[PDB]
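Below, in structure tokens: the form deposited without its partner chain, a single chain.
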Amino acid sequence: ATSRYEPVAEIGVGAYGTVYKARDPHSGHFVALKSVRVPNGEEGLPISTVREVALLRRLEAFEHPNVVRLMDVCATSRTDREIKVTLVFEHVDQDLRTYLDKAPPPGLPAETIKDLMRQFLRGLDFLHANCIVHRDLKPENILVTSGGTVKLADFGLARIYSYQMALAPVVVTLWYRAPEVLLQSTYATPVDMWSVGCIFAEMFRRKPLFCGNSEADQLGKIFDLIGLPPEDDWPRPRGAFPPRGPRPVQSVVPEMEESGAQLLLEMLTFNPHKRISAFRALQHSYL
């Protein structure tokens, strides 16, 4: 508070805090408010934040289907150390989880999975082409109202949130974090593609392919699957460990088929460079 919008329910509480659902009165539509504490200075609003937000606001103009819109932004409170900002996003009813949970599909489908990824990758090739990174791509981040639409949400918010996630960290769910962010903090664009593989696989299971906790926990848990990498493919924060090998696919799958397994590997390469792009992925044999 305050904002011309009238909150109406709570929709979740993730790393970016408590997400409410408001209605736009003079518009008679639904909204999805988040909030952020930003550092106030003697130079006012933080540059990279005001810049980051502004590029989010202008990104609507592209009208891409596979990504939610930032429709409005408002600084509600000023202190002298912090400014508070509410983000008004486009509202989408159920997340990808709620959509995989409420699945009276015991064990399918595979065209609803190939086309679902095809959108996933599109919206992700869109953001990447605008030098936007998500970095926290979750099933709770991926939306879809009645239509099977898929709106990617909460992309490009990590830097805007840097300050806040440091005063009071919260939660986590490293089940999707790439092996570079864990080891290091590569922040690059290929981290999203690693999160995309995990999601690819978790689709025809039904829960986290890499359900860990410790950053090392999550690691070995990964090396279990992809097998420990022989150098020089290593970077700079251990340190060495259980010498593992490349388990085949599909002792964590099926249902997966021929190429579908070969692609999930390209997405789950340890080497951020040899890793597949949303674009080269978005046109693999399997899709």
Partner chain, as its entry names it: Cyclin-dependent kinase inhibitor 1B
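In this text, rigid core is short for the largest set of C-alphas that superpose within 1.5 Å between two forms. Numbering follows the first chain given and starts at 1.
The records show that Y16 is omitted from the coordinate set of at least a third of the other eligible entries of this protein. Compared with the other entries of this protein, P208 is consistently built, present in every one of those that build its neighbours rather than absent from a third. According to the record, the deposited sequence contains 4 to 9 residues between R236 and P237 that were left without coordinates. Higher mean CA B-factor, judged across 209 to 217 and 119 to 127 from the recorded values: 209 to 217. Higher mean CA temperature factor, per the PDB entry, when comparing 153 to 161 with 171 to 179: 171 to 179.
By the numbers in the PDB entry, the CA B factor is greatest at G107 among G148, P139, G197, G107.
Comparing the C-alpha B-factors of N40, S48, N66, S251 in the entry, the top value falls on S251. When all modelled residues of the chain are sorted by CA temperature factor, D72 is found within the lowest third. In the PDB entry, a CA B factor belonging to the highest third of its chain's modelled residues is recorded for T186. Placement of the Cα temperature factor of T86 within the chain: lowest third of the modelled residues, per the deposited record. Remark: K102 belongs to the highest third of its chain, ranked by C-alpha B-factor as recorded. Among the modelled residues of the chain, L56 sits in the lowest third by CA temperature factor in this PDB entry.
Not pictured, yet referred to below: the form deposited with its partner chain bound.
Taken together, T18, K21 and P25 are fully in contact with its partner chain in the deposited bound form: each brings a heavy atom within 4.5 Å.
The partner is not drawn, yet in the deposited bound form one stretch among 221 to 229, 238 to 246, 66 to 74, 252 to 260 has residues with heavy atoms inside 4.5 Å of its partner chain: 66 to 74.
Its partner chain in the deposited bound form is not approached by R97, whose heavy atoms all lie more than 4.5 angstroms from it.
In the deposited bound form, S195 stays away from its partner chain, with no heavy atom inside 4.5 Å. Using a 4.5 angstroms limit between non-hydrogen atoms, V150 is distant from its partner chain in the deposited bound form.
Although the partner is absent here, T86 is a contact residue: one of its heavy atoms lies within 4.5 angstroms of its partner chain in the deposited bound form.
Once both forms are fitted on their core, a CA shift of 2 Å or more is seen for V88 between the shown form and the other one. Put the two forms on the same core and the Cα of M71 is off by 2 Å or more between the shown form and the other one. Superposed on the core, the two forms differ at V50: its CA moves 2 Å or more between the shown form and the other one.
Annotation: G28/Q94 CA-CA distance shorter in the deposited bound form than in the displayed model, change of at least 3 Å.
The gap between the Cα atoms of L55 and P25 is larger in the deposited bound form, by no less than 3 Å, than in this form.
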